[PDB]
Structures are given as structure tokens and as C-alpha cells.
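Below: the structure, in C-alpha cells.
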Amino acid sequence: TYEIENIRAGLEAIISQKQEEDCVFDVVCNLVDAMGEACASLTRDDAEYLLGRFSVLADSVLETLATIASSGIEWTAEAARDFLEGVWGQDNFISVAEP
Amino acid sequence: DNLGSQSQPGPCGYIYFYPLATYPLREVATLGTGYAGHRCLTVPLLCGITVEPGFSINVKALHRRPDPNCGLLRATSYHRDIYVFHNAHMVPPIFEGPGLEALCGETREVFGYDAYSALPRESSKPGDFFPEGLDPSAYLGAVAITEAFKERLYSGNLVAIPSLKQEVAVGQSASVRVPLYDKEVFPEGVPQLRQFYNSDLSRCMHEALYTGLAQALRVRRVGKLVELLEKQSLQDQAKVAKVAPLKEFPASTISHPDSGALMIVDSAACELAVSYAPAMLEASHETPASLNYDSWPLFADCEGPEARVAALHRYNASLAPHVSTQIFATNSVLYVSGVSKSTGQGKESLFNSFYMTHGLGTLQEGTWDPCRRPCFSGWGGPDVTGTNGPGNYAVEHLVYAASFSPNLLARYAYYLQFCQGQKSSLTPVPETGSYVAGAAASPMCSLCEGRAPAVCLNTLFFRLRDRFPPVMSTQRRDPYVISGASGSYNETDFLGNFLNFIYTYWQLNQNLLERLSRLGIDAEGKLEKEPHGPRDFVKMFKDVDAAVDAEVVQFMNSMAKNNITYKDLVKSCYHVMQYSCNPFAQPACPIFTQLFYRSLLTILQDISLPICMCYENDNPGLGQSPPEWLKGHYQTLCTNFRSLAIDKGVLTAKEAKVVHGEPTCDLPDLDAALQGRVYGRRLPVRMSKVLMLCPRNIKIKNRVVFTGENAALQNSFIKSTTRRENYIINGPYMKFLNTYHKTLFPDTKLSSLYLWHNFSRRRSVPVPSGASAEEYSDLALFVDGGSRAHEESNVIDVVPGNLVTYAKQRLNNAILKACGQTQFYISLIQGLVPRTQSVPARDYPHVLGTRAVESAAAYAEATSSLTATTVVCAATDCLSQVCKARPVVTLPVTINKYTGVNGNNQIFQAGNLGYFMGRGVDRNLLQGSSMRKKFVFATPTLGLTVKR
DNA sequence: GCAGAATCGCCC
Ligand SMILES: [Zn+2]
């Protein structure tokens with residue numbers, strides 16, 4: 001297998017195994033571990049390939065990578081969690097039945 | 001009437017002279033095959049840059065005078081490539097890597113191929129072919145040649161007549177042309193040194209034209225192939241056997257239990273290709289709009305020379321996936337190895353039992369001649385192991401794919417520079433800077449001596465190493481990959497050729513597009529007004545659904561009143577693609593000349609296999625050699641092929657009679673012009689050949705509906721019906737819910753995937769702070785109910801990316817439900833379309849040029865501010881809109897053969913769409929792989945080379 | 001590890 005096939009199989013495992021949180025930060029920390037600095041210039045066509053059956057997430061990943069690149073930390077999964085999980089610090093939800 | 005009869009009397013070719021002070025040398029270099037140190041190169045024939053506007057590609061060439069008072073005329077088209085041979089050092093190279101001519105020369109010899117052998121004379125001096133009063137140092141010289149007389153150019157048998165010069169405008173350059181005539185126009189003869197010859201031109205033709213035609217026939221004696229092609233053109237030898245004594249066979253052929261029959265069939269198939277391919281290439285062709293370079297739309301915004309050259313590099317980058325696929329695919333047309341027989345203990349039916357094989361490992365083996373004597377001794381592979389290792393693909397296999405030509409190899413390397421590298425997941429590799437400053441700078445490199453480490457072909461090979469195919473020695477029946485221009489009428493919507501003629505399926509699709517235009521949606525799916533909030537989003541979908549469902553009611557009520565049996569017609573429908581047989585329809589690249597010609601020769605051989613097998617079964621070889629059998633049998637087999645190969649389901653061609661209306665024509669006096677005088681004479685004329693075979697199309701087919709009857713295959717096609725959790729996120733709305741996410745939920749932190757997956761599992765939805773709960777609960781219930789109705793009914797395995805694709809999916813699901821076709825998924829074709837992206841240069845060392853690199857630190861510094869153009873392919877859900885843009889295509893084909901129905905004993909053919917082999921071809925193909933999804937590579941031409 | 005098919009033109 002190519003290196004990009006292994007990154008793709010590892011992201012589909014993260015996304016298909018979460019419940020009761022959004023998945024975006026764990027996907028970003030996985031890409032930052034796998035690629036480091038090369039994330040700063042990751043294209044939409046490459047992001048869409050790596051997300052596999054979840055390629056709709058690509059707009060949200062590329063924005064989060066732009067907030068890391070425009071705020072100056074080194075590219076490691078520790079520094080990225082300290083920034084992302086720190087910069088947040090909200091939604092009111094209605095129940096909809098089924099007929 | 002026909003294009004042959006309408007064409008005018010003229011010469012056999014022209015020498016063009018372009019002025020160096022004004023000619024756009026950098027533009028032609030981007031369309032050329034120049035290598036560093038070249039003496040000759042090829043360029044495309046194009047109106048406004050290599051020939052004048054209104055150049056006539058079809059002519060009646062004057063080629064013989066039996067006596068001074070009679071001329072004979074041959075109808076012919078021009079050859080597609082122009083050969084630049086005088087002052088050629090003034091055109092820049094396409095690729096900067098050094099040492100290619102010695103590499104090609106060494107590799108040709110280990111494969112046992114014939115090098116160019118020069119005539120014992122010198123080349124013609126400039127003062128013997130230039131117009132009087134032109135300075136030979138001020139001009140670039142090039143030849144344009146007719147397809148019927150190009151072997152006479154190669155062998156030094158044409159005559160140039162400078163007194164017959166004509167002034168022509170080539171773009172903004174004041175150019176001159178001089179006519180070429182065959183030496184048979186002079187019945188008293190001309191002195192032998194008065195004939196036109198150039199050793200560099202003939203050598204370039206040997207390497208870049210004829211060696212690839214020889215490789216497509218499995219012939220090594222390239223010079224003997226050229227002599228027999230010349231004699232076929234001039235002496236009408238199409239029905240005489242000629243290639244069989246040049247054939248060679250591997251041990252798997254010689255030891256086969258049916259060896260005698262197999263040697264006859266492979267020989268006869270190569271003879272039929274040599275008789276018929278030149279005749280179809282010489283035919284009169286239509287002149288495409290893409291031939292006029294000064295009207296190409298891709299220049300529309302350009303100001304000045306630098307802007308135009310940059311536009312040509314972006315054009316080339318969009319063609320690169322076609323060329324890389326023919327290098328990386330294991331089943332490329334460039335790797336076809338011979339013919340083999342299903343050995344009784346095999347799956348094939350009788351008409352499929354002989355088939356074409358591929359394999360680079362087989363292409364290295366030793367061979368035997370037609371009398372079973374030892375012939376070529378073979379090659380053991382690289383004498384020193386290169387960076388890809390033992391038994392793997394080496395740079396010599398890329399040199400073999402480029403026909404041992406430094407001109408073709410330079411242009412293949414230039415296209416390969418656009419490709420992404422893909423490292424293996426388990427192999428340690430140096431970083432790009434430490435390879436370029438380290439091993440690539442070694443004084444032991446045979447190409448660059450370590451003095452061009454960033455551009456060297458060994459550095460490009462090292463970067464792309466894991467994308468090359470395996471080296472194969474097996475004998476399996478696989479599809480092979482072809483490249484070229486598409487034809488006018490392609491049927492690639494979801495039901496293909498269903499109700500194409502009689503309202504029709506094409507009219508149904510046009511009626512749907514008109515209803516969507518009245519809702520404010522265009523043919524590519526762009527809106528005139530985007531939705532403001534939850535209500536508009538729902539209303540947009542309900543109005544599109546109501547438009548589709550009204551058109552279904554009219555169409556079904558038509559089928560009722562007209563009594564059409566459409567339930568049966570759905571079961572038998574096919575996707576249909578046309579591969580064009582016009583050599584002038586091909587894209588403006590000299591590599592596409594080789595890919596078109598070799599695609600055509602391969603298809604003719606494959607069509608002939610059952611035709612030859614049946615004739616030899618009725619007329620057996622009895623231990624005669626193929627040459628001695630063909631001596632009695634070939635004239636009958638030519639007549640059988642013409643009847644049985646054409647209009648039987650793959651190849652279409654028309655025969656035409658060529659007539660000239662006047663008994664005389666106004667021409668220059670050639671006996672006066674040879675002595676320097678110009679005046680008109682009315683020469684009596686007649687045709688030398690009356691019959692022409694105009695090629696039309698090759699047809700590629702793919703079945704849509706699975707009937708259940710083959711019970712072995714069902715698990716690849718079966719439609720599930722149970723409620724899944726992924727029903728919203730893999731349903732019809734998810735891409736639209738993501739596009740409009742910020743208009744729908746203005747100030748949330750949640751992703752669209754998580755918001756809707758949370759509603760799927762937990763039945764809860766967030767309500768935006770200023771909005772109202774009713775309006776959001778209505779949005780949630782609209783998405784849910786619609787997503788379950790799609791889950792229960794859908795047989796088209798697509799998630800739609802635009803409102804036109806959404807509406808067409810809804811329409812075709814409603815037709816299939818009326819037919820009862822709701823238990824299986826249908827077959828799909830997807831287009832892989834090129835996309836061009838600018839990226840940081842660090843992993844693309846070719847941007848540094850022929851520069852020295854002293855350290856990995858200096859490489860990083862030198863690349864820090866630079867960028868490279870690279871290309872990747874995107875999958876399209878909608879091949880139909882791409883086919884309207886007249887695309888260049890690359891696809892895999894197998895020609896299957898079968899008996900007719902109802903006791904019709906005749907052999908019929910279908911060219912079925914197949915699969916790509918080799919993991920390096922494209923990342924979108926990576927996981928047979930699918931029975932129900934197939935792929936085609938496509939690049940559009942409308943809005944690039946042809947105006948809308 | 002990759003259906004089955006008697007064929008041509010017609011084309012908006
Ligand atoms: Zn080198």
C-alpha cells in the first residue's frame with residue numbers, strides 16, 4: 001500500500017467510531033501527526049481524497065488548518081490540541097419526533 | 001460527391017522557411033519534442049503557426065510523368081507532424097535533462113533493434129534548396145509531407161524546385177515555401193545529387209515514426225519495414241504478403257501444442273494491419289475547427305509573449321494524465337507483447353480463443369524465426385541495479401516505451417514532471433534535498449555526470465519510482481488501454497442508448513432542462529438566486545421534484561398511446577462512446593501521433609483474429625511456415641477481411657471512388673522550372689489510383705442493466721432494503737446541506753456531518769438564536785422523510801453534487817420503477833477529469849533547471865520562494881456533460897466476438913469497456929474491483945481549442 | 001479479481 005492509503009484508512013477509523021462529540025479536532029490532530037508542516041498547504045482535492053466516504057468534512061478541516069497556520073505554533077499534535085481545545089475557552093436543541 | 005474528388009492538383013510536399021527575427025520560437029517549443037543538443041525535432045501541423053491560414057490538408061499529388069505530355073495524380077492527406085531540420089538549434093528543448101541520445105543508443109542495441117543507417121552521399125547544401133536571395137543563416141527550415149509519399153522523403157527520392165517559391169504569411173511572419181516532387185516526375189532523370197536529402201531528418205523519422213510502428217508489429221528490422229511500406233505505396237502491393245519473413249516468436253509460442261496454427265494466425269493478423277492501416281491514414285479527412293491556432297479560446301485573456309507561453313503550459317498540464325496512464329498502466333498499448341491461444345484447459349469460447357497479450361518480461365526474452373531457428377538471444381536486464389531494485393521496472397523500460405527516441409523520450413519526461421510522487425508505506429527513502437545534493441550529484445551518473453542533479457532523468461525516475469507497473473511474463477486475456485479524440489455522438493446518460501431513435505430519451509432530457517431553466521437553474525446546475533434560509537431550501541427541492549414528476553407523467557402517457565414495449569428496451573440498453581479515426585482530430589502533441597497510430601494497428605490485429613482462425617481451420621498449415629502458406633492464401637484473406645471486419649459492430653468505414661473532372665490542368669512547366677524558368681502549361685492528367693477507404697469511428701459499448709439470470713454474479717449487484725444509520729449522510733441532500741450550512745445555521749461551531757449524524761441517532765436539531773422552532777422542525781422532517789424514500793427506492797449508486805444531477809437521478813429512478821427493474825443496482829461510468837494546482841516547489845526539483853546543488857541546506861533555500869504546477873484527477877458524477885464538451889479520452893477495451901442470432905452463422909464484434917491494471921495509474925482507482933462502476937479519463941476541448 | 005451482445009444510419 002501507498003502512504004496516502006494508510007492515512008485514509010486511519011481517518012475513516014476516527015470518524016466512524018465517535019459519538020456525542022464533533023470529530024473535526026481528532027481528524028486535524030491525526031493529519032498534523034502524519035504530515036506536520038505539509039498540512040499548511042494541503043489542497044481541497046487532497047483533503048477530499050484522504051476523508052474517503054466522509055469528504056463533505058473537507059471545508060471544516062481546511063479552515064481549522066488555516067487557523068493553526070495563521071497563529072504560529074510548531075506543527076505537532078500536542079501544540080495543535082493546546083491551541084484548538086484552548087481557543088473555545090452555545091447551541092439550543094429541539095427534539096423532533098418520527099411519524 | 002466526396003472530399004477526394006473535390007481536392008486540387010499539387011506537389012508531394014513543401015519545405016517552409018520561417019524568419020528568425022520574428023518567428024515565435026518559445027511558443028512552438030511548448031508543442032515540440034526538442035532535447036538538449038538536438039539536430040532535428042517534430043512539431044504539429046497548425047494553421048497560423050506552422051502553416052498559413054487556409055492550408056489544404058487534402059490534395060491530388062502529381063507523382064509520375066510516363067512521358068513529358070502526361071501526368072498521374074494520387075489522392076492523399078498530409079502527414080500530421082512537421083519535421084524541423086535546418087537551424088533547429090534555435091528552437092528551445094521541451095526537457096532540460098542531458099545525455100539522452102547515448103542512453104537511447106545503448107538501450108536500442110540490448111533489445112536488438114536496428115539503428116538508422118545513412119546514405120553514402122552528403123546532405124543537400126542550403127544553396128541547392130533555398131530560394132535565390134534568402135540568407136540561409138536568417139531562417140528556420142522545416143518539411144510538411146503527404147501521408148502517401150513520406151517514405152520517399154526518408155529514402156532521399158524527392159526533388160526540391162526553388163524557382164517555384166511562394167510568399168506566405170504564417171501568423172505575423174513573412175515566410176516562403178518551396179514545393180517537393182517525386183523523382184518519377186522527370187522521365188529523363190535528374191543527376192543523383194540534385195535529389196533532396198538530409199541525414200538528420202531521416203534519422204529523426206527512423207526513431208520517432210517508424211520504430212513505434214515496428215514495435216506494434218513485434219518486428220526489429222525497422223529499415224526493412226520502411227522499404228516494404230515504400231513499395232506498397234508506389235507499386236500497389238496491398239494484396240501481396242510482405243511482413244511475414246520479418247516476424248519473431250517467443251518459446252511460449254514455439255512450444256505451444258497448437259504452435260503451427262498460432263504462428264500462421266499472428267503472421268496473418270500483422271499482414272492485414274500493414275495492408276489496411278496506411279490506406280485509412282492516407283484517406284481524405286474532414287478539417288476540424290481545432291486546427292486553427294489563431295482562433296483557440298485558451299489565449300483570450302493573454303497580453304504579450306510571456307502570458308501566451310504560460311497559457312500553453314497550463315494546456316499541456318491538462319493533457320498529462322492521458323500520457324502518464326499510458327506509462328503507469330500494466331496493460332498500456334505500449335506494452336503489447338504478441339498473440340496467444342486459450343490452451344483447451346481454459347475459459348474462452350471458440351471465437352475468443354486467440355487473443356492479444358501484454359508483458360515487459362516477455363518483451364525481453366529470446367526469439368525464434370518463422371523456420372524455428374534461433375534469432376534474437378534476449379536480454380538479462382540491467383547490468384547494474386538501479387534505484388527500483390532487481391526484477392522491477394527500470395529506466396530502460398521507459399526508454400523502450402519511448403521507442404528509443406531522444407525526441408519522444410524528452411516529451412514523455414516533460415509530462416511526467418507534472419505528476420505527484422506516491423511513496424510506498426513501508427520503505428525508508430531519502431528526503432528530496434538529500435537525494436539531489438547526494439546520490440544525484442555523484443560523478444558516476446552516466447547521464448549528467450552529477451552536473452545537472454535537479455533535472456536529470458535519473459532524479460525524475462527516483463521521484464516517481466513506486467508508480468511504475470510490474471515486469472510481467474504471463475499469457476492472460478486482459479483489456480488494453482487506448483488514447484485519442486472522441487466522436488460526435490456519445491450516449492453516456494444513466495440509461496445510455498435507450499430510445500435514441502423513433503418522443504426520444506434525448507428529447508426527454510432536453511424537456512427536463514427547459515423546466516429547470518424556468519425555476520432559475522442552468523445546465524451546469526448554477527442558481528440565479530441562492531436560498532435565504534430554511535423555507536427557501538425546502539421550496540427549491542419541492543419545486544424541482546414537482547417538475548420531474550410532471551415530465552414522467554407525460555413520457556409514460558406517450559409510451560401508452562404509441563404502443564412502445566419499453567420494458568424490453570430497458571433490459572437491452574448500452575452506454576456508447578465513439579473513438580474517432582481522423583488523425584487531424586487528435587490533440588496538438590507529437591506523442592498523440594504515436595498513441596493514435598499504435599491504437600489503430602492494435603485494434604485491426606484484434607478484429608482479424610477469428611477471421612484468420614476460421615480460414616486456417618478450413619485451409620490448414622500442414623507444417624508449412626507462415627511465409628509459404630501466405631504465398632498461396634493471402635489474396636483471399638484480404639477480400640474476407642474487407643467484408644467481415646467492417647460494419648460488423650466495432651469499426652465503420654466507407655469506400656469511395658475518386659474522379660478528376662478536367663482532362664487537363666494548369667501547372668508550371670517542370671522541365672522549365674528545373675532549369676530556373678516559371679511559366680504555365682496545360683498538362684493532360686489521369687488518376688493512378690481510383691479507390692479510397694475513408695475510416696469513420698471505433699465504437700466502445702457498456703451494458704447498463706443486470707437481469708439476475710447469471711446467478712454467480714448477483715452479490716455484486718443486489719439492492720438491500722433495510723433501514724441503515726447512514727441514510728441522511730449517504731442520502732441525496734448531504735452535499736446541499738453542507739453547501740448551505742452557514743446560511744442555515746449562522747453561528748454554530750458544529751460541522752454539517754456531525755449536526756445531521758446527531759439528528760439521525762438522537763432526533764435533535766439546534767435552533768438558531770433569532771429564528772423560530774416550527775421552521776427548523778419542518779426542515780428536519782423534510783430531510784428525514786425524503787432520505788428514507790430514497791433509501792427504499794434508489795437503484796443509482798450516486799450522491800448528487802448539483803441540482804441537475806439530483807433531478808436526472810430522480811427521473812431515471814422513476815423509469816426503472818415503471819419497468820420493474822428495482823432488485824439490482826445499474827452499471828455506472830464515471831469520468832476522471834484533470835485539475836491543475838500550484839504547490840510549493842520543495843518536492844519538485846525540476847524547477848531549479850541545470851543548476852548545481854552544493855548541499856541539502858542550499859536546496860531548501862533555493863526552493864523556499866518557488867512553486868510548481870502539478871495535476872490530479874477529480875471524479876465526476878455526470879459523464880454526459882463532459883461528453884458534450886468533445887473530450888480527449890483514455891479507456892481500457894477488450895474486443896469480444898460472437899455468432900449472430902436465429903441461425904446467422906456470421907462473426908460479429910463488440911468493443912467492451914474494461915479495467916485499468918497497475919496500482920500507480922490513479923489514487924481514485926485504489927481499493928473484481930467493481931463489476932458495477934467503470935472509469936474513463938476525459939479532458940474537454942470546447943472553450944480550450946474550439947470556440948463555443 | 002473484473003456480465004452480454006446480429007449489424008449498419010439516423011443526431012437534435
Ligand atoms: Zn544524473
Side-chain angles (χ1 to χ4, degrees), chain B residues 330-331 347-349 351-352 474 476-481 486-493 496-497 499-514 523 568-576 578 607 610 643-655 695-718 824-829 880 883-884 886 891-919 925-935:
Chain B
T330 313
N331 60 337
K347 186 174 179 181
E348 290 74 31
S349 64
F351 303 104
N352 289 335
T474 59
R476 178 162 33 104
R477 187 177 182 270
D478 297 324
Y480 55 78
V481 176
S486 60
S488 306
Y489 305 115
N490 308 277
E491 286 132 292
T492 61
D493 275 283
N497 78 355
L499 299 166
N500 59 355
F501 288 95
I502 282 292
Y503 58 99
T504 62
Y505 181 71
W506 177 91
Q507 185 64 43
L508 181 70
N509 283 276
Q510 297 284 329
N511 286 5
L512 178 61
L513 292 181
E514 187 160 28
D568 307 305
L569 306 181
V570 169
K571 294 181 187 178
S572 67
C573 71
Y574 287 81
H575 305 294
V576 184
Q578 290 187 339
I607 292 164
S643 303
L644 298 173
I646 293 165
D647 307 334
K648 301 306 188 291
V650 169
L651 177 65
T652 61
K654 184 68 178 80
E655 86 182 47
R696 288 172 55 246
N697 290 301
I698 285 152
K699 184 172 71 175
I700 312 294
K701 291 179 65 181
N702 186 46
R703 190 175 181 99
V704 181
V705 185
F706 173 87
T707 58
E709 292 161 298
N710 197 323
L713 300 175
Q714 291 191 7
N715 298 296
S716 68
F717 290 115
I718 192 175
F824 301 103
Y825 290 98
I826 71 169
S827 288
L828 305 177
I829 314 179
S880 175
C883 282
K884 293 178 188 174
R886 199 62 165 268
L891 61 81
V893 63
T894 319
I895 305 179
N896 293 316
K897 309 99 174 165
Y898 43 89
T899 302
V901 288
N902 318 315
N904 185 1
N905 303 307
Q906 294 169 217
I907 297 157
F908 292 93
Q909 319 96 28
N912 298 115
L913 184 68
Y915 53 88
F916 295 100
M917 299 172 64
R919 302 194 92 247
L925 305 173
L926 297 174
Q927 287 296 341
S929 179
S930 186
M931 262 284 284
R932 84 182 194 225
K933 190 182 294 184
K934 288 183 170 76
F935 296 94

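Only heavy atoms go into these numbers, but all of them, side chains included; no hydrogens, no water, no symmetry mates. Residue numbering restarts at 1 for every chain, and letters A, B, ... go by the order of the sequence lines.
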In chain order, what residues pass the ring pair (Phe, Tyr, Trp, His ring centres under 6.0 Å) check against [X], with sequence neighbours excluded?
X        : value
B:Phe706 : B:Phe717, B:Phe824
B:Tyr574 : none
B:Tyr505 : B:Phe498
B:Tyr480 : none

Closest listed nucleotide, where the reference is the side chain of [X] and the choices are [options]:
X        : options               : answer
B:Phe501 : C:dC11, C:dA3, C:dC12 : C:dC11
B:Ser827 : C:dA3, C:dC12, C:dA5  : C:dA3
B:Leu713 : C:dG4, C:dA6, C:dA3   : C:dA3
B:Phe717 : C:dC8, C:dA3, C:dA5   : C:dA3
B:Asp647 : C:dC8, C:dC11, C:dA3  : C:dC8
B:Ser929 : C:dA6, C:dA5, C:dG1   : C:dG1

Query raised in the report: Between B:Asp478 and B:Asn331, does any side-chain donor sit less than 3.5 Å from a side-chain acceptor?
Result: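 Looking only at side-chain atoms, B:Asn331 and B:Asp478 do not form any donor-acceptor pair under 3.5 Å.
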**Report entry** Any donor-acceptor N or O pair under 3.5 Å, side chains B:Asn500, B:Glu491
**Finding:** yes
Which is true for [X] with a 4.0 Å heavy-atom rule: it touches a base, it touches only sugar-phosphate, or it touches nothing?
X        : answer
B:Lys884 : nothing
B:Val650 : nothing
B:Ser572 : nothing
B:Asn710 : sugar-phosphate
B:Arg696 : sugar-phosphate

Interatomic distance, [X] [atom1] vs [N] [atom2] [rounded to whole Å]:
X        : N      : atom1 : atom2 : answer
B:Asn497 : C:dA5  : CG    : P     : 15 Å
B:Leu891 : C:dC2  : CG    : P     : 20 Å
B:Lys648 : C:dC8  : NZ    : P     : 10 Å
B:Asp493 : C:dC11 : CG    : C1'   : 14 Å
B:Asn331 : C:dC2  : CG    : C1'   : 12 Å
B:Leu925 : C:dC2  : CG    : P     : 18 Å
B:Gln578 : C:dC11 : CD    : P     : 14 Å
B:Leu644 : C:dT7  : CG    : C1'   : 13 Å

Query raised in the report: Are B:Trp506 and the base of C:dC12 stacked, counting only ring centres nearer than 5.5 Å and planes tilted under 30°?
Result: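 One would call B:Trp506 stacked on the C:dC12 base.
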Query - Any residue of residues 892-902 of chain B with a heavy atom less than 4.0 Å from an atom of DNA chain C - result: B:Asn896, B:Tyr898, B:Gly900, B:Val901, B:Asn902
Report task. Examine C:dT7: is either OP1 or OP2 under 4.0 Å from a nitrogen or oxygen in the side chain of B:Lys699? Give yes or no. Result -> no
Requested in this report: Inspect the surroundings of CZ in B:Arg932 and state if more than 12 heavy atoms from other residues, nucleotides or ligands are less than 6.0 Å away.
Outcome: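 Buried by this count: over 12 neighbours within 6.0 Å.
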Query raised in the report: Nearest nucleotide by nearest heavy atom, which residue falls closer to the 5' end of DNA chain C, B:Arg476 or B:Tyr489?
Result: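 Closest to the 5' end, via its nearest nucleotide, is B:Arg476.
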Query raised in the report: Partners of B:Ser880 by side chain to side chain contact (heavy atoms under 4.5 Å, CB included), sequence neighbours excluded?
Result: B:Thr492, B:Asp493, B:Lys808, B:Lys884
